[PDB]
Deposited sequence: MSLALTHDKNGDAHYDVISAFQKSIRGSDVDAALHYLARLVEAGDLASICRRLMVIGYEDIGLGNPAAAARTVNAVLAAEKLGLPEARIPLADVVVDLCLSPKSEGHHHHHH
């Protein structure tokens, strides 16, 4: 058990509410790199090729914005990846 793996599991399980609970904690802890890395693996490994591609746009946006505003593209992507096939 750690937060970043449970984040991933909740996204694999299509659980928006849990994924965003964990996202908020990851954001507040402030390591943007590992969120970004994780979301790209999930987008490519677990998920819809337009959705996979879009995870990269959202990560570039998160990286250009930086924390705290990075939470906006990331929240979007999390829900995107949760509702996806």
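- Residues of the deposited sequence lacking C-alpha coordinates, counted from 1, fall in the stretches 1 to 14, 62 to 64, 103 to 112.
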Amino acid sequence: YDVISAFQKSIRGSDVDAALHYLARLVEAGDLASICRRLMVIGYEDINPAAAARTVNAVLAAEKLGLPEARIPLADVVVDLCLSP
From here on, numbers count along this sequence of modelled residues.
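- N57 sits in the lowest third of its chain by CA B factor, as recorded in the PDB entry.
- Compared with the other modelled residues of the chain, the Cα B-factor recorded for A51 ranks in the highest third.
- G13: CA B factor in the highest third of modelled residues in this chain (values from the PDB entry).
- Ranked by Cα temperature factor within the chain, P73 sits in the lowest third according to the deposited record.
- The entry lists a Cα temperature factor for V27 that places it in the middle third of the chain's modelled residues.
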